[PDB]
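All remarks here apply to the structure that follows.
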Amino acid sequence: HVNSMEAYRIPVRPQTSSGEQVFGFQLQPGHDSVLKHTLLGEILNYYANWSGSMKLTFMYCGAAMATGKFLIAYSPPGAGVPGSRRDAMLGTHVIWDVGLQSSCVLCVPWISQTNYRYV
Amino acid sequence: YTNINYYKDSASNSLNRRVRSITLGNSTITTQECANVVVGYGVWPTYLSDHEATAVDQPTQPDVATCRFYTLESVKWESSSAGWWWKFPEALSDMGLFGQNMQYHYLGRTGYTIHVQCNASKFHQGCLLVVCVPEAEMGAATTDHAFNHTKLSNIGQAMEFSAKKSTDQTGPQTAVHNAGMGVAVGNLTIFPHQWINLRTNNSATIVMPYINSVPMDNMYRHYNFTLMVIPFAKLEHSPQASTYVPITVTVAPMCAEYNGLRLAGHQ
Amino acid sequence: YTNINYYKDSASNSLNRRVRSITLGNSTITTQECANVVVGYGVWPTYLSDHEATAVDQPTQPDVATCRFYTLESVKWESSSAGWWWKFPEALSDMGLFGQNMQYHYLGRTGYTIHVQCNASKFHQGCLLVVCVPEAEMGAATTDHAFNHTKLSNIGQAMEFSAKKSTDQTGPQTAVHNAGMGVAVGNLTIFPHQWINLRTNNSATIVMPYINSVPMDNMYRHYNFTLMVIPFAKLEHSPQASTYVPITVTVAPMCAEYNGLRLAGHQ
């Protein structure tokens with residue numbers, strides 16, 4: 001899908017049971033091959049250290065009559081990675097309705113032991 | 001009306017004649033479309049004062065680790081679906097550092113905020129009743145027979161009502177028009193409640209204080225209040241519409257205190 | 001000494017030329033006979049300031065539930081007994097609501113107070129050295145071979161030294177005169193230490209602050225400091241005296257903060 005326009009096209013659909021995952025990636029800008037070739041990623045790669053809070057913005061490009069909610073969650077490194085909606089509710093999260101707003105902003109907070117992180 | 005008092009006691013006397021979000025911890029729900037927030041019996045959840053607090057040990061108030069939004073399970077709304085009930089704090093007994101503080105502490109006082117969310121389309125129709133009932137002593141299904149503590153409330157599982165009556169030998173009477181208490185289900189609008197009309201409402205937010213006769217009570221043998229979601233108008237749509245309409249409950253403890261630190265319960 | 005600066009950078013410059021008890025929580029140790037309390041590098045354990053705290057999440061400070069006296073195990077002092085070491089906070093990783101906050105939180109900053117108690121009679125003789133060593137990177141027994149994380153510190157178990165050297169294939173070099181770091185054991189009197197002379201002392205109380213290069217660090221992959229109890233003069237008595245002389249360690253976290261609330265570790 002990276003050779004077409006379908007790389008930017010995160011799909012959702014009516015479910016059968018709730019709590020399922022939509023997408024998921026690691027928070028490694030400059031190294032993880034999802035947000036490496038974005039505009040933030042091509043600037044960190046001229047550098048060897050980064051620090052600060054990132055901002056993720058969404059935009060539901062669906063019909064005007066559909067309604068639903070999502071659970072967008074950031075999880076600190078620790079151990080390990082969450083594998084359920086019950087597990088990825090204890091970390092930092094927001095709840096985003098698509099019948100009320102079309103765009104949601106998730107400020108990913110800076111939690112680390114060091115002052116900088118390696119790119 | 002001479003109003004003289006012959007005796008020395010008081011008990012010997014006569015008669016007396018959009019964008020509005022809530023950011024609790026590292027957690028944010030969104031939103032109410034400038035609609036409404038029902039709060040308790042007009043009382044916001046607060047801490048313990050010094051006229052109260054018969055205990056002498058110092059209270060434990062974590063304020064971030066335990067007082068964030070805990071998203072419970074998701075249940076399925078159908079046409080032939082009677083209702084559900086969650087008994088608190090049994091429904092939050094295993095979630096995060098809130099359920100971990102309950103095991104190490106004898107007493108516990110807390111208020112909650114309940115956010116029941118269920119979205120639909122403009123072509124769906126139906127109406128829910130979200131009511132928070134304090135001290136709902138339920139009646140057994142088979143009378144003159146004791147009934148089990150896992151039929152009243154499992155740990156966070158949504159116990160459901162029934163359209164007919166229940167002939168169980170070890171559970172509660174789950175006839176939904178009697179609401180499990182032998183009372184008319186239309187008269188449960190005394191307790192703090194809010195409707196979810198699927199054409200205008202989309203959510204319900206109730207904020208309940210700590211309602212109990214004692215200032216601090218053990219939270220492993222006493223159900224403080226139950227939360228009942230009963231549909232009065234049933235869910236109806238065309239067969240071409242989306243048939244799976246779920247109901248998610250998101251609840252958060254507010255101003256939680258604990259006392260009596262000992263080893264882990266709950267024997 | 002003209003002291004002119006040609007370049008614009010700072011790193012391009014030249015060189016620069018009884019009854020005294022402690023009541024922590026619902027817990028009381030007793031006593032020091034007006035003897036002494038050794039505190040750290042002269043620094044009392046405090047909280048995090050705002051020049052520090054690179055994290056943006058709000059800290060969790062329980063102050064009663066986690067900051068009381070936690071009594072560890074009891075070890076047996078013999079004549080042919082070399083020493084012991086406990087690595088912190090691995091030794092407190094399972095005790096109470098302190099070890100429960102570690103599983104749900106990414107970062108963690110804490111200081112401690114160590115109370116090593118060992119009583120005897122007037123007819124016993126011996127001398128212990130109770131030393132708190134920060135960042136004790138230990139050397140492996142079999143060189144050029146990696147060694148296991150359960151040989152450095154089990155969960156609260158007192159790992160012991162040896163009189164001879166260690167020929168293990170997966171553990172640390174436990175020669176007690178090299179103190180596991182390749183250093184002369186007589187020179188470990190830089191670190192915060194206190195002697196237990198069995199004719200006059202009977203106890204030792206060390207209060208250590210948080211000593212680390214970063215303001216807050218993960219406490220499940222980094223041993224902040226180790227606590228070594230090494231007898232320099234061996235225990236000797238008559239064969240008619242009481243032969244079992246135990247050593248109990250009682251430790252308590254002081255000013256514990258946590259950040260980064262997520263699900264339970266520690267994968």
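Letters A, B, ... go to the chains of the structure tokens in the order shown; residues in each chain start at 1; ligands are counted from 1 in the same order.
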Handout entry: Backbone-only DSSP, strand (DSSP E) members of chain A, as a PyMOL selection string
Key = chain A and resi 54-57+69-74+92-97+105-108
Sorted per-residue table, chain C near chain A, closest atoms and distance, 10 Å, only C-alpha atoms, as JSON lines:
```
{"residue": "C:52", "atom": "CA", "partner": "A:115", "partner_atom": "CA", "distance": 9.8}
{"residue": "C:53", "atom": "CA", "partner": "A:113", "partner_atom": "CA", "distance": 8.9}
{"residue": "C:54", "atom": "CA", "partner": "A:115", "partner_atom": "CA", "distance": 6.3}
{"residue": "C:55", "atom": "CA", "partner": "A:111", "partner_atom": "CA", "distance": 4.6}
{"residue": "C:56", "atom": "CA", "partner": "A:110", "partner_atom": "CA", "distance": 5.9}
{"residue": "C:57", "atom": "CA", "partner": "A:111", "partner_atom": "CA", "distance": 7.0}
{"residue": "C:103", "atom": "CA", "partner": "A:79", "partner_atom": "CA", "distance": 8.6}
{"residue": "C:104", "atom": "CA", "partner": "A:78", "partner_atom": "CA", "distance": 8.6}
{"residue": "C:105", "atom": "CA", "partner": "A:78", "partner_atom": "CA", "distance": 7.4}
{"residue": "C:106", "atom": "CA", "partner": "A:78", "partner_atom": "CA", "distance": 5.0}
{"residue": "C:107", "atom": "CA", "partner": "A:113", "partner_atom": "CA", "distance": 7.0}
{"residue": "C:108", "atom": "CA", "partner": "A:113", "partner_atom": "CA", "distance": 9.2}
{"residue": "C:213", "atom": "CA", "partner": "A:114", "partner_atom": "CA", "distance": 9.1}
{"residue": "C:214", "atom": "CA", "partner": "A:114", "partner_atom": "CA", "distance": 6.1}
{"residue": "C:215", "atom": "CA", "partner": "A:113", "partner_atom": "CA", "distance": 6.8}
{"residue": "C:216", "atom": "CA", "partner": "A:113", "partner_atom": "CA", "distance": 5.2}
{"residue": "C:217", "atom": "CA", "partner": "A:113", "partner_atom": "CA", "distance": 5.0}
{"residue": "C:218", "atom": "CA", "partner": "A:113", "partner_atom": "CA", "distance": 7.3}
{"residue": "C:219", "atom": "CA", "partner": "A:78", "partner_atom": "CA", "distance": 9.8}
{"residue": "C:220", "atom": "CA", "partner": "A:78", "partner_atom": "CA", "distance": 8.6}
{"residue": "C:221", "atom": "CA", "partner": "A:78", "partner_atom": "CA", "distance": 9.8}
{"residue": "C:259", "atom": "CA", "partner": "A:111", "partner_atom": "CA", "distance": 7.7}
{"residue": "C:260", "atom": "CA", "partner": "A:76", "partner_atom": "CA", "distance": 5.7}
{"residue": "C:261", "atom": "CA", "partner": "A:91", "partner_atom": "CA", "distance": 5.5}
{"residue": "C:262", "atom": "CA", "partner": "A:91", "partner_atom": "CA", "distance": 4.2}
{"residue": "C:263", "atom": "CA", "partner": "A:90", "partner_atom": "CA", "distance": 5.9}
{"residue": "C:264", "atom": "CA", "partner": "A:79", "partner_atom": "CA", "distance": 7.0}
{"residue": "C:265", "atom": "CA", "partner": "A:79", "partner_atom": "CA", "distance": 4.4}
{"residue": "C:266", "atom": "CA", "partner": "A:79", "partner_atom": "CA", "distance": 4.4}
{"residue": "C:267", "atom": "CA", "partner": "A:79", "partner_atom": "CA", "distance": 4.1}
```
Could you save the residues just selected, with C-alpha atoms, as an mmCIF file, in the first residue's frame?
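Just written: out17.cif:
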```cif
data_model
loop_
_atom_site.group_PDB
_atom_site.id
_atom_site.type_symbol
_atom_site.label_atom_id
_atom_site.label_comp_id
_atom_site.auth_asym_id
_atom_site.auth_seq_id
_atom_site.Cartn_x
_atom_site.Cartn_y
_atom_site.Cartn_z
ATOM 1 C CA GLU C 52 14.240 19.101 37.996
ATOM 2 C CA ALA C 53 11.224 16.966 36.927
ATOM 3 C CA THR C 54 11.619 16.599 33.180
ATOM 4 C CA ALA C 55 8.374 14.585 33.238
ATOM 5 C CA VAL C 56 5.063 16.335 32.593
ATOM 6 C CA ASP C 57 2.700 13.857 34.297
ATOM 7 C CA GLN C 103 4.332 -2.220 38.915
ATOM 8 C CA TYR C 104 1.944 0.475 37.676
ATOM 9 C CA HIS C 105 4.444 3.322 37.269
ATOM 10 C CA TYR C 106 7.268 3.857 34.796
ATOM 11 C CA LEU C 107 9.539 6.210 36.780
ATOM 12 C CA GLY C 108 10.213 6.333 40.494
ATOM 13 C CA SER C 213 22.434 11.147 37.570
ATOM 14 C CA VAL C 214 18.846 11.529 36.332
ATOM 15 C CA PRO C 215 16.061 13.080 38.457
ATOM 16 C CA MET C 216 13.694 10.113 38.041
ATOM 17 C CA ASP C 217 14.562 6.613 36.864
ATOM 18 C CA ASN C 218 12.866 3.285 36.238
ATOM 19 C CA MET C 219 13.173 1.119 39.343
ATOM 20 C CA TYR C 220 12.777 -2.275 37.676
ATOM 21 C CA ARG C 221 16.028 -2.395 35.685
ATOM 22 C CA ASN C 259 5.307 8.992 37.233
ATOM 23 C CA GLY C 260 4.069 7.422 34.031
ATOM 24 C CA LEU C 261 0.957 5.497 35.021
ATOM 25 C CA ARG C 262 0.365 2.499 32.762
ATOM 26 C CA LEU C 263 -0.557 -1.176 33.129
ATOM 27 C CA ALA C 264 1.332 -3.621 35.330
ATOM 28 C CA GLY C 265 4.956 -4.446 34.530
ATOM 29 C CA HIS C 266 7.562 -5.531 34.108
ATOM 30 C CA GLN C 267 8.034 -6.987 30.616
#
```
Handout entry: 7 Å contact set for residue 235 (chain B), only C-alpha atoms, chain neighbours under 5 positions out, as JSON, numbers by chain
Key = {"B": [78, 79, 125, 126]}
Exercise for the section: Compile the contact shell of residue 197 (chain B) as a PyMOL selection string: residues with an atom at most 12 Å away, counting only C-alpha atoms, same-chain residues fewer than 2 positions apart removed. Expected result: chain B and resi 117-122+124-130+194-195+199-204+231-235
Preceding selection exported with N, CA and C atoms as a PDB file, in the first residue's frame:
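File written: selection_20.pdb
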```pdb
ATOM      1  N   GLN B 117     -22.275   5.823  27.948  1.00  0.00           N
ATOM      2  CA  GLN B 117     -22.230   6.328  26.584  1.00  0.00           C
ATOM      3  C   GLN B 117     -22.753   5.274  25.622  1.00  0.00           C
ATOM      4  N   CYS B 118     -23.692   5.675  24.771  1.00  0.00           N
ATOM      5  CA  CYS B 118     -24.258   4.780  23.767  1.00  0.00           C
ATOM      6  C   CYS B 118     -24.708   5.631  22.592  1.00  0.00           C
ATOM      7  N   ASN B 119     -24.008   5.519  21.471  1.00  0.00           N
ATOM      8  CA  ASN B 119     -24.309   6.310  20.291  1.00  0.00           C
ATOM      9  C   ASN B 119     -25.100   5.489  19.284  1.00  0.00           C
ATOM     10  N   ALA B 120     -25.841   6.188  18.435  1.00  0.00           N
ATOM     11  CA  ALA B 120     -26.615   5.566  17.375  1.00  0.00           C
ATOM     12  C   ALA B 120     -26.681   6.552  16.215  1.00  0.00           C
ATOM     13  N   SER B 121     -27.593   6.316  15.285  1.00  0.00           N
ATOM     14  CA  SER B 121     -27.811   7.200  14.156  1.00  0.00           C
ATOM     15  C   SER B 121     -29.118   7.957  14.352  1.00  0.00           C
ATOM     16  N   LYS B 122     -29.506   8.726  13.337  1.00  0.00           N
ATOM     17  CA  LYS B 122     -30.797   9.396  13.372  1.00  0.00           C
ATOM     18  C   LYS B 122     -31.940   8.456  13.031  1.00  0.00           C
ATOM     19  N   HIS B 124     -32.150   5.259  14.174  1.00  0.00           N
ATOM     20  CA  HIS B 124     -32.425   4.408  15.320  1.00  0.00           C
ATOM     21  C   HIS B 124     -33.341   5.136  16.294  1.00  0.00           C
ATOM     22  N   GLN B 125     -34.096   4.359  17.061  1.00  0.00           N
ATOM     23  CA  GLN B 125     -34.995   4.926  18.051  1.00  0.00           C
ATOM     24  C   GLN B 125     -34.973   4.059  19.299  1.00  0.00           C
ATOM     25  N   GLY B 126     -35.156   4.690  20.447  1.00  0.00           N
ATOM     26  CA  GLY B 126     -35.039   3.998  21.713  1.00  0.00           C
ATOM     27  C   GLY B 126     -34.701   4.965  22.821  1.00  0.00           C
ATOM     28  N   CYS B 127     -34.906   4.497  24.048  1.00  0.00           N
ATOM     29  CA  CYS B 127     -34.745   5.350  25.218  1.00  0.00           C
ATOM     30  C   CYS B 127     -34.277   4.501  26.385  1.00  0.00           C
ATOM     31  N   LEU B 128     -33.163   4.890  26.995  1.00  0.00           N
ATOM     32  CA  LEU B 128     -32.612   4.199  28.148  1.00  0.00           C
ATOM     33  C   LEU B 128     -32.888   4.996  29.412  1.00  0.00           C
ATOM     34  N   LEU B 129     -32.851   4.311  30.547  1.00  0.00           N
ATOM     35  CA  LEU B 129     -32.958   4.946  31.853  1.00  0.00           C
ATOM     36  C   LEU B 129     -31.742   4.540  32.665  1.00  0.00           C
ATOM     37  N   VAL B 130     -30.915   5.513  33.018  1.00  0.00           N
ATOM     38  CA  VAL B 130     -29.678   5.273  33.742  1.00  0.00           C
ATOM     39  C   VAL B 130     -29.885   5.807  35.148  1.00  0.00           C
ATOM     40  N   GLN B 194     -30.844   9.887  34.753  1.00  0.00           N
ATOM     41  CA  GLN B 194     -30.789  10.652  33.519  1.00  0.00           C
ATOM     42  C   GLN B 194     -31.202   9.734  32.384  1.00  0.00           C
ATOM     43  N   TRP B 195     -31.999  10.251  31.458  1.00  0.00           N
ATOM     44  CA  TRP B 195     -32.443   9.459  30.324  1.00  0.00           C
ATOM     45  C   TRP B 195     -31.449   9.556  29.178  1.00  0.00           C
ATOM     46  N   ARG B 199     -32.686  10.010  20.026  1.00  0.00           N
ATOM     47  CA  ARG B 199     -32.831  11.079  19.056  1.00  0.00           C
ATOM     48  C   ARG B 199     -32.221  12.394  19.512  1.00  0.00           C
ATOM     49  N   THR B 200     -31.913  12.554  20.800  1.00  0.00           N
ATOM     50  CA  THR B 200     -31.358  13.831  21.240  1.00  0.00           C
ATOM     51  C   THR B 200     -30.224  13.761  22.260  1.00  0.00           C
ATOM     52  N   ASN B 201     -29.952  12.635  22.921  1.00  0.00           N
ATOM     53  CA  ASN B 201     -29.180  12.684  24.162  1.00  0.00           C
ATOM     54  C   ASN B 201     -27.752  12.166  24.025  1.00  0.00           C
ATOM     55  N   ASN B 202     -27.591  10.907  23.591  1.00  0.00           N
ATOM     56  CA  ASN B 202     -26.338  10.233  23.224  1.00  0.00           C
ATOM     57  C   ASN B 202     -25.439   9.874  24.416  1.00  0.00           C
ATOM     58  N   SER B 203     -25.746  10.353  25.622  1.00  0.00           N
ATOM     59  CA  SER B 203     -24.890  10.109  26.781  1.00  0.00           C
ATOM     60  C   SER B 203     -25.648  10.441  28.058  1.00  0.00           C
ATOM     61  N   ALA B 204     -25.033  10.096  29.187  1.00  0.00           N
ATOM     62  CA  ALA B 204     -25.571  10.423  30.500  1.00  0.00           C
ATOM     63  C   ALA B 204     -24.425  10.471  31.494  1.00  0.00           C
ATOM     64  N   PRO B 231     -33.770  -0.120  29.504  1.00  0.00           N
ATOM     65  CA  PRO B 231     -34.436   0.520  28.362  1.00  0.00           C
ATOM     66  C   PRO B 231     -35.946   0.505  28.549  1.00  0.00           C
ATOM     67  N   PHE B 232     -36.558   1.687  28.489  1.00  0.00           N
ATOM     68  CA  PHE B 232     -38.011   1.768  28.544  1.00  0.00           C
ATOM     69  C   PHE B 232     -38.634   1.711  27.158  1.00  0.00           C
ATOM     70  N   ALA B 233     -38.035   2.384  26.183  1.00  0.00           N
ATOM     71  CA  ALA B 233     -38.407   2.233  24.785  1.00  0.00           C
ATOM     72  C   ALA B 233     -37.346   1.377  24.107  1.00  0.00           C
ATOM     73  N   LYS B 234     -37.775   0.317  23.433  1.00  0.00           N
ATOM     74  CA  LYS B 234     -36.824  -0.667  22.942  1.00  0.00           C
ATOM     75  C   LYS B 234     -36.161  -0.194  21.654  1.00  0.00           C
ATOM     76  N   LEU B 235     -34.978  -0.745  21.392  1.00  0.00           N
ATOM     77  CA  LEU B 235     -34.203  -0.363  20.220  1.00  0.00           C
ATOM     78  C   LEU B 235     -34.825  -0.936  18.958  1.00  0.00           C
TER      79      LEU B 235
END
```
Shell of 7 Å around residue 170 (chain B), only C-alpha atoms, local chain residues under 2 positions omitted, as a short mmCIF file (atom, residue, chain, number, x, y, z; two decimals) with N, CA and C atoms, in the first residue's frame:
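Wrote it out as result39.cif, contents follow:
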```cif
data_model
loop_
_atom_site.label_atom_id
_atom_site.label_comp_id
_atom_site.auth_asym_id
_atom_site.auth_seq_id
_atom_site.Cartn_x
_atom_site.Cartn_y
_atom_site.Cartn_z
N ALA B 146 -31.52 -18.96 50.73
CA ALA B 146 -30.43 -18.01 50.63
C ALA B 146 -29.82 -18.05 49.24
N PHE B 147 -29.15 -16.97 48.86
CA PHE B 147 -28.63 -16.86 47.50
C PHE B 147 -27.23 -16.27 47.50
N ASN B 148 -26.50 -16.59 46.44
CA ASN B 148 -25.05 -16.53 46.39
C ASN B 148 -24.56 -15.10 46.15
N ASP B 168 -34.77 -19.24 39.45
CA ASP B 168 -33.49 -19.75 39.92
C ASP B 168 -33.56 -20.12 41.39
#
```
Exercise for the section: Kindly give the distance, in Å, that separates CA of residue 37 (chain C) and CA of residue 101 (chain C), rounded to a single decimal. Expected result: 28.5 Å
Problem - Contact set, chain B to chain C: 7 Å, only C-alpha atoms, as an MDAnalysis selection string - result: chainID B and resid 60:62 64:65
For the selection you just gave me, I'd like the residues written to a file as an mmCIF file, in the first residue's frame, keeping C-alpha atoms.
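Resulting contents of part21.cif:
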```cif
data_model
loop_
_atom_site.group_PDB
_atom_site.id
_atom_site.type_symbol
_atom_site.label_atom_id
_atom_site.label_comp_id
_atom_site.auth_asym_id
_atom_site.auth_seq_id
_atom_site.Cartn_x
_atom_site.Cartn_y
_atom_site.Cartn_z
ATOM 1 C CA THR B 60 -4.491 7.591 52.481
ATOM 2 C CA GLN B 61 -5.442 9.824 49.536
ATOM 3 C CA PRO B 62 -3.624 9.028 46.257
ATOM 4 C CA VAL B 64 -4.106 10.619 40.745
ATOM 5 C CA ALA B 65 -3.465 6.879 40.771
#
```
Residues near residue 208 (chain C), cut-off 9 Å, only C-alpha atoms, skip fewer than 5 positions along chain, as a compact mmCIF listing (two decimals) with C-alpha atoms, in the first residue's frame:
```
# COMPACT_ATOMS: atom_id res chain seq x y z
CA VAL C 38 24.00 8.77 60.09
CA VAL C 39 22.32 10.72 57.28
CA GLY C 40 23.55 10.18 53.70
CA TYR C 41 26.05 12.59 52.22
CA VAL C 43 21.55 15.47 52.64
CA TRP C 44 18.08 14.68 53.92
CA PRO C 45 15.71 12.91 51.48
CA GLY C 111 15.01 7.76 49.56
CA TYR C 112 15.28 5.23 52.36
CA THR C 113 16.15 4.76 56.01
CA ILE C 114 17.99 1.58 56.97
CA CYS C 132 25.35 1.62 51.77
CA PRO C 192 27.55 6.20 54.30
```
Exercise for the section: as a list in words, please: all residues of region 140-236 of chain B that backbone DSSP puts in helix (DSSP H, G or I). Expected result: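 Output for region 140-236 of chain B, helix (DSSP H, G or I) only: residues 149, 150, 151, 152, 185, 186 and 187 of chain B.
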Could the residues in this selection be saved with N, CA and C atoms as a PDB file, in the first residue's frame?
```pdb
ATOM      1  N   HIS B 149     -23.329 -14.843  46.598  1.00  0.00           N
ATOM      2  CA  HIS B 149     -22.707 -13.537  46.440  1.00  0.00           C
ATOM      3  C   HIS B 149     -22.161 -13.299  45.042  1.00  0.00           C
ATOM      4  N   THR B 150     -22.108 -14.324  44.196  1.00  0.00           N
ATOM      5  CA  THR B 150     -21.694 -14.154  42.811  1.00  0.00           C
ATOM      6  C   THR B 150     -22.874 -14.038  41.864  1.00  0.00           C
ATOM      7  N   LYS B 151     -24.096 -14.166  42.369  1.00  0.00           N
ATOM      8  CA  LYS B 151     -25.287 -13.855  41.595  1.00  0.00           C
ATOM      9  C   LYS B 151     -25.699 -12.401  41.723  1.00  0.00           C
ATOM     10  N   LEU B 152     -25.343 -11.755  42.831  1.00  0.00           N
ATOM     11  CA  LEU B 152     -25.635 -10.336  42.989  1.00  0.00           C
ATOM     12  C   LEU B 152     -24.686  -9.494  42.155  1.00  0.00           C
ATOM     13  N   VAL B 185     -41.166  -0.291  38.603  1.00  0.00           N
ATOM     14  CA  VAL B 185     -39.972   0.203  37.931  1.00  0.00           C
ATOM     15  C   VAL B 185     -40.174   1.611  37.395  1.00  0.00           C
ATOM     16  N   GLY B 186     -41.421   2.057  37.260  1.00  0.00           N
ATOM     17  CA  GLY B 186     -41.659   3.432  36.881  1.00  0.00           C
ATOM     18  C   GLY B 186     -41.367   4.429  37.977  1.00  0.00           C
ATOM     19  N   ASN B 187     -41.294   3.976  39.224  1.00  0.00           N
ATOM     20  CA  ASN B 187     -41.069   4.852  40.361  1.00  0.00           C
ATOM     21  C   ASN B 187     -39.616   4.910  40.792  1.00  0.00           C
TER      22      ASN B 187
END
```
Problem - Between CA of residue 257 (chain B) and CA of residue 51 (chain B) - distance in Å to one decimal - result: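 If I compute the distance from CA of residue 51 (chain B) to CA of residue 257 (chain B), I get 16.0 Å.
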Problem - Residues within 6 Å of region 16-28 of chain A, only C-alpha atoms, excluding chain neighbours under 3 positions, as number ranges by chain - result: A: 31-32, 85
Export N, CA and C atoms of the chosen residues as a compact mmCIF listing (two decimals), in the first residue's frame?
```
# COMPACT_ATOMS: atom_id res chain seq x y z
N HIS A 31 12.89 6.91 13.63
CA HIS A 31 13.37 5.55 13.45
C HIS A 31 12.29 4.55 13.07
N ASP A 32 11.08 4.68 13.63
CA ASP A 32 10.02 3.75 13.30
C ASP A 32 9.48 4.06 11.91
N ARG A 85 -8.33 -3.35 25.31
CA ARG A 85 -8.87 -2.06 25.71
C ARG A 85 -8.87 -1.90 27.22
```
Exercise for the section: Can you work out which one of B:154, B:145, B:226, B:211 has the shortest atom-to-atom distance to residue 181 (chain B), counting only C-alpha atoms? Expected result: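 Once distances to residue 181 (chain B) are computed over only C-alpha atoms, the minimum belongs to B:226.
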Practice task
Determine the nearest neighbour of residue 71 (chain B) from the options B:256, B:4, B:35, B:249, counting only C-alpha atoms.
Solution key: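 So, comparing all the options, the nearest one is B:249.
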